[PDB]
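Participant: Below is the sequence, then the experimental coordinates.
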Amino acid sequence: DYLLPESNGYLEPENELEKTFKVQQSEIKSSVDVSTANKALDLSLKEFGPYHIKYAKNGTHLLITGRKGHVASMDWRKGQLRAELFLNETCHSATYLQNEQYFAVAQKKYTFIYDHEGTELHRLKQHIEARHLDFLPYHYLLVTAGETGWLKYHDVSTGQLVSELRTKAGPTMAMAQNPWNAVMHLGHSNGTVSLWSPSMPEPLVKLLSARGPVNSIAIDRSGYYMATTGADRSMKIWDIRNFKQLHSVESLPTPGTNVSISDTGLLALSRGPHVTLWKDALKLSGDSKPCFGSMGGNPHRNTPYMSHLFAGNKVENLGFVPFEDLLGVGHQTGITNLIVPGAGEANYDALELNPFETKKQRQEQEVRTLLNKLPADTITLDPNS
RNA sequence: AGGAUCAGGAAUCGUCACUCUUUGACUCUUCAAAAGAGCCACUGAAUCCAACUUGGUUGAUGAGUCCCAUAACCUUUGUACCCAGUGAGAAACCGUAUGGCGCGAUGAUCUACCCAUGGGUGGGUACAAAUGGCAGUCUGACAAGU
């Protein structure tokens, strides 16, 4: 416990009169240290479509996918850029599967698996739609939910299809994989998120999450609380460990396009022109219920921790850097990294992921993970069963 | 009982550098062109002539010192060799009872042609040497900067 060398950043009001959420990002960029203040990027690439964002599980490479033709893998911290592909088919998402050397893009029809340089490795005959393209490196399993009812699991270690699960739910409106559990979460128009394992052809458990369609879903690091948003201007705080929505934030001004969860407990809600993050909102009490406005400054009622409004955009998606305190918000013209104080964890474990990794360390670690892949039957509702 | 498909056999390392090779990108680029998201304007840079400046036939520029003119390769004139080696063969007595260089392995013996073992011609090989060949003592008018 005392070996833990680095401690989180904080944000403190210092008055009741002074307010926490009112800080702006140019105002933040004054006091943050120079490399960390400079780690906020403004990539306005206004020519192509709205931009999809994903950092790798280590923050070392950023992958972006504009809706029209852009596919871009930068070695994000440095000036290096690996991939810049212009496919005139339209794309939806992308993820690095194992390392920055191999990634996968979610196109109009077919998923593509791709080299760092931008070369074509593997076009999938299957995956005939691809809306959410997500990965779990602990099974080496690219799990993809298109606009189809089905859900496809490709084991890119072997390079073969594991399984394909028809939901009977229709087009997938959301998918968030569980880091702690590797159960997949699919969200559809009935207000229903289904938990999934590749073995079980019926879902593990269905959840009538909200009314209307599922806008998005996002899961804790601990796998305890998953924050779900419907298109009904509502966001539920599901505690998966006992399958209860802790708080039901009703009547947003606009339904959130996405939700995202940091490591230390931050929650990101992006209505699209606005991005708003709460601190410690996932806890058990309804005092920790995330609320927009606490009248009278009552400590029980909970205000948002950090706010932002995008002027000329309706942003697409967002994702924290997993070890740093920023979050990449993909807007129509591009990418902002909005600086949080305490979102990411300060003390990573190198033996799990390496944010500072040599290429020789990388090819050691890749072989280490491929030795430690699990075959797909081990995806279960509990890791420990 | 012997062989080939799905126990007679070394290989369990959380990488640091260094070098080498390899392919790929890359600014370019020849094969060798051809096509040009086209037009204005603003502004910048570069080049070329004119111009001007400074320096210059009291010499500006151009220039394969070293690959050695300090030579190479010969050519003629004076010497050392060999078709150093050969190695057992060369010449017929003795001061005042007694004493020896009287050879010689530890070396006796020699150093392709004609002429009765006297002399040399011819070729290869090496050097000294050349005021010998091969092998005939630079340019000279712009340059450079804006």
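Facilitator: It's in. Numbering: from 1, shown residues only, chains lettered A, B, ... in the order given.

Participant: Residue A:93 against residue A:65, yeah?
Facilitator: Yes - Residue A:93 lies in contact with residue A:65 (CB atoms under 8 Å); the separation is 6.3 Å. All C-beta spots, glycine's among them, are computed from the backbone N, C-alpha and C.

Participant: Am I right that residue A:328 sits in a helix?
Facilitator: No - Residue A:328 is assigned strand when assessed by DSSP: H, G, I helix; E, B strand; the rest coil, not a helix.

Participant: give me the beta-bridge partners of the closest residue to it other than its chain neighbours?
Facilitator: Once flanking residues are discounted, residue A:328 sits nearest to residue A:53: 4.4 Å by CB to CB, 6 or more residues apart in numbering. Residue A:53 has these beta-bridge partners by DSSP bridges: residue A:64.

Participant: can you check residue A:328 too?
Facilitator: Beta bridges link residue A:328 to residue A:319, residue A:337, judged by DSSP bridges.

Participant: Relative to RNA strand B, how far out is it?
Facilitator: Distance, residue A:328 to RNA strand B, by CB to the nearest atom of the strand, to the nearest Å: 24 Å.

Participant: and residue A:30, which of the three is it?
Facilitator: With three-state DSSP as the basis, residue A:30 sits in helix.

Participant: Next up, the contacts around the nearest residue to it once chain neighbours are set aside.
Facilitator: Closest residue to residue A:30 apart from its sequence neighbours, by CB to CB, 6+ apart: residue A:37 at 7.9 Å. Residues near residue A:37 by CB atoms under 8 Å, 6 or more residues apart in numbering: A:28, A:29, A:30, A:339.

Participant: now the residues you listed: which count as buried?
Facilitator: A:28, A:339 (16 or more other CB atoms under 10 Å).

Participant: Make a markdown table from the contacts of residue A:37 and add distance to RNA strand B to it.
Facilitator: What follows is the contacts of residue A:37, written out as a markdown table (distance: CB to the nearest atom of the strand, whole Å):
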| residue | distance to RNA strand B |
| --- | --- |
| A:28 | 33 |
| A:29 | 32 |
| A:30 | 34 |
| A:339 | 28 |
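
Participant: what's around the residue of chain A found nearest RNA strand B, how many residues?
Facilitator: Nearest residue of chain A to RNA strand B, counting by CB to the nearest atom of the strand: residue A:351, 3.4 Å away. Under the neighbour criterion other CB atoms under 10 Å, residue A:351 is assigned a count of 8.

Participant: any idea how far residue A:379 is from it?
Facilitator: 23 Å (CB to CB, to the nearest Å).

Participant: follow-up on the earlier one: widest-spaced pair of the contacts of residue A:37?
Facilitator: By the measure CB to CB, A:30 and A:339 form the most distant pair in the contacts of residue A:37, at 10.8 Å.

Participant: how about the residues of the stretch 1-150 of chain A that lie near RNA strand B?
Facilitator: Contacts of the stretch 1-150 of chain A with RNA strand B, taken as CB under 7 Å from any atom of the strand, map to residue A:117.

Participant: make it 10 Å
Facilitator: When proximity is defined as CB under 10 Å from any atom of the strand, the stretch 1-150 of chain A approaches RNA strand B at A:81, A:82, A:84, A:115, A:116, A:117, A:118, A:119.

Participant: Over to the stretch 201-350 of chain A?
Facilitator: Checking the stretch 201-350 of chain A against RNA strand B by CB under 10 Å from any atom of the strand, the hits are A:349, A:350.

Participant: which stretches of the stretch 201-350 of chain A form strands?
Facilitator: For the stretch 201-350 of chain A, the strands defined by DSSP state E, counting those that start in this stretch occupy A:205-208, A:214-219, A:225-230, A:235-239, A:244-249, A:258-261, A:266-270, A:274-279, A:306-309, A:317-320, A:326-330, A:334-339.

Participant: quick one: contacts of the lengthiest helix in chain A?
Facilitator: Selection of the longest helix in chain A by residue count, based on DSSP state H, yields helix A:359-371. Residues external to helix A:359-371 that are found in contact with it (CB under 8 Å, 6+ apart): A:98, A:99, A:137, A:138, A:140, A:157, A:354, A:357.

Participant: Go again with 7 Å.
Facilitator: A:98, A:99, A:137, A:140, A:157, A:354 (CB atoms under 7 Å, 6 or more residues apart in numbering).
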